[PDB]
Amino acid sequence: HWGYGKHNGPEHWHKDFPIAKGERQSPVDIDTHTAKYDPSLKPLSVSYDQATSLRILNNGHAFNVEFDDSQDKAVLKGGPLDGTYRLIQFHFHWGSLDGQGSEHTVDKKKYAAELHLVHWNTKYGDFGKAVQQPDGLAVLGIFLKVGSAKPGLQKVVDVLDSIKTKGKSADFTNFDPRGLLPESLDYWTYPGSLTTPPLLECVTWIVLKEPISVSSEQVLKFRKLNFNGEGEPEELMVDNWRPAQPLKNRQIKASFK
Ligand SMILES: CCC(=O)Nc1nnc(S(N)(=O)=O)s1
Ligand SMILES: [Zn+2]
């Protein structure tokens with residue numbers, strides 16, 4: 001089964017998921033000098049006030065904070081998007097060291113981690129149908145650098161001990177994802193894919209320019225999670241990031257001058 005190891009990592013995924021070599025794969029390097037400002041791009045509308053988190057899950061590749069997506073409670077609109085995209089979950093990708101961990105890179109710079117807030121286009125009814133459509137998902141990507149702690153992340157950090165191993169979940173209600181955003185909503189946007197198998201080419205990527213700061217202690221706690229299940233030899237959940245893929249026939253657009 002696929003993962004991030006020597007023998008099942010990103011360079012192997014194409015054998016089971018041939019779209020791994022497709023025309024709109026993610027992540028990509030964001031060449032900031034080649035991205036074109038698009039004055040027609042609109043401000044992102046992030047409406048998370050009524051978000052309903054439910055549960056946090058170690059799935060053996062990351063941890064997901066899941067939300068009730070049965071109503072328009074936490075929605076992303078505007079920007080490059082047409083219509084309404086409902087938040088279903090967020091998760092992160094991180095490194096074994098502070099110098100790597102992000103999936104997208106910025107002028108080849110790797111951040112310590114990257115947060116993905118995953119939304120599906122409500123015109124397709126459910127996430128499973130949305131992933132079959134070129135405009136099915138909108139993923140909001142937020143870079144993490146190591147410095148001052150992010151107070152809004154701490155509630156996530158402190159539950160990780162209870163979901164150390166693959167398959168473990170914990171009740172995780174009343175989490176406000178607004179506490180994970182940076183001050184600015186300036187962004188780059190491009191058409192891409194899921195960055196994990198099945199790598200479906202269904203994502204409008206919206207990657208925020210301003211990283212959030214998290215503390216070394218916060219990210220160290222990410223690195224104490226396990227890829228393995230309970231009762232298996234410990235494999236630290238680190239370096240669960242896919243590297244940058246060829247941009248091919250795509251333009252990255254910037255919301256800001
Ligand atoms: C609801 C299920 C889900 O969100 N699956 C995803 N698989 N890869 C994602 S990524 N790293 O592109 O945001 S999201
Ligand atoms: Zn992700």
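When a ligand or atom number is given, it counts from 1 through the structure's own listing order. Sequence positions, counted from 1, serve as the residue numbers for this chain.
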TODO: Please report the C-alpha distance between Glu201 and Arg24 in whole Å, then the side-chain angles of each, then the deciding distance to 0.1 Å, and finally whether the salt bridge (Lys or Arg N to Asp or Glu O under 4.0 Å) criterion is met.
DONE: CA-CA 6 Å; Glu201 296 183 330; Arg24 60 178 274 191; 5.2 Å; no
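- Considering each of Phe127, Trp120, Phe90, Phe67, the one bringing a non-hydrogen atom nearest atom 5 (N) of ligand 1 is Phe127.
- No more than 12 heavy atoms of other residues, nucleotides or ligands sit less than 6.0 Å from atom CG of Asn174.
- Counted by atom type alone, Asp29 and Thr105 present one or more donor-acceptor pairs between their side chains at under 3.5 Å.
- Around the Zn ion (ligand 2), the protein atoms of type N, O or S found under 2.8 Å away are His91 NE2, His93 NE2, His116 ND1, listed by chain and number.
- Given atom 12 (O) of ligand 1, the protein heavy atom at minimum distance is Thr195 N, 3.0 Å.
- Taken to the nearest 0.5 Å, the NZ atom of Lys155 stands 9.5 Å off from the CG atom of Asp176.
- Atom CZ of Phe17 and atom OG1 of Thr196 lie 9.0 Å apart (nearest 0.5 Å).
- Of the possible polar contacts, none joining the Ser96 side chain to the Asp239 backbone as a donor-acceptor pair under 3.5 Å is found.
- Atoms of ligand 1 lying under 4.0 Å from at least one heavy atom of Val139, given by number and element, are 13 (O).
- Under a 4.0 Å criterion applied to the non-hydrogen atoms of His91, ligand 1 contributes the atoms 9 (C), 10 (S), 11 (N), 13 (O), 14 (S).
- For the residue pair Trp120 and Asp69, a side-chain donor N or O sits within less than 3.5 Å of a side-chain acceptor on the partner.
- Residue-level proximity to ligand 1 for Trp205 is carried by the side chain, the only part with a heavy atom below 4.0 angstrom.
- Listed by number with element, the atoms of ligand 1 under 4.0 Å from a non-hydrogen atom of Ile88 are 1 (C).
- Heavy-atom contacts of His116 reach the following atoms of ligand 1: 10 (S), 11 (N), 13 (O) (cutoff under 4.0 Å).
- Within 6.0 Å of CD in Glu210 there are more than 12 heavy atoms belonging to other residues, nucleotides or ligands.
- For the side chain to side chain contact (heavy atoms under 4.5 Å, CB included) criterion with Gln218, the lone passing option out of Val156, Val157, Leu144 is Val157.
- Residue-ligand proximity, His93 to ligand 1, at heavy-atom distances under 4.0 Å covers atoms 11 (N).
- In summary, the aromatic rings of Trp205 and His104 are positioned with their centroids under 6.0 Å apart.
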